[PDB]
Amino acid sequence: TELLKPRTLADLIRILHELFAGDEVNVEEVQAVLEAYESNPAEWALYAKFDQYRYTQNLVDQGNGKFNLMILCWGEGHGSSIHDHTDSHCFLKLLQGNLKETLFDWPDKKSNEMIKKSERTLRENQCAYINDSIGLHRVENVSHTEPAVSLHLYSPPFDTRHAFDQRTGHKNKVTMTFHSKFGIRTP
């Protein structure tokens, strides 16, 4: 349980494998180690594959089945749907740029607009945490000039989640589509 500063991305991944070797996770320790990793673009450029039209999800490591570790690349103006996290822990560390995270309450079975609970800006090298008991969220790169790159860890891994219509609260089941896996484009 001795958390050292990850010297590299490879080191971070090794430490994460040790942290998830049990059956339950220490959320605060995982968040601390992710925040302590100093983003170094040389180490993660292989995974930072952008698309012109929307954010991409690039698988880095499958954590021996305990977690999905992925890098998301947000072009200028790119944002996500309002999403849940399928009963998983979700960590979001900024590797480059800034992202706006907006929190929503779970909807009531009445078709109403979903009203924001709070919003915050995530800055380079910060690590944020969310799960379904905190609420739903949308993530957006509101910059006109700067792409954003984030490192996400989800445990347990999930292949599907829900997207929520902000105007009505109605939800749709959606499949996680990976732009690449282990540095290899996967159309």
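The first residue of the shown sequence is 1; numbering continues from there.
Looking only at CA atoms, which has the higher mean B factor in the entry: 82 to 90 or 100 to 108?
100 to 108 has the higher mean C-alpha B-factor.
Out of 169 to 177 and 11 to 19, which stretch has the higher average CA B-factor listed in the record?
Between 11 to 19 and 169 to 177, it is 169 to 177 that shows the higher mean C-alpha B-factor.
Top residue by Cα temperature factor, when 68, 64, 121, 40 are compared in the entry:
Among 68, 64, 121, 40, the highest C-alpha B-factor in the entry belongs to 64.
Select one of 29, 51, 146, 35: the residue whose C-alpha shows the highest B-factor in the crystal structure entry.
Within the set 29, 51, 146, 35, 29 shows the top C-alpha B-factor.
Residue 45: which third of its chain by C-alpha temperature factor?
Highest third.
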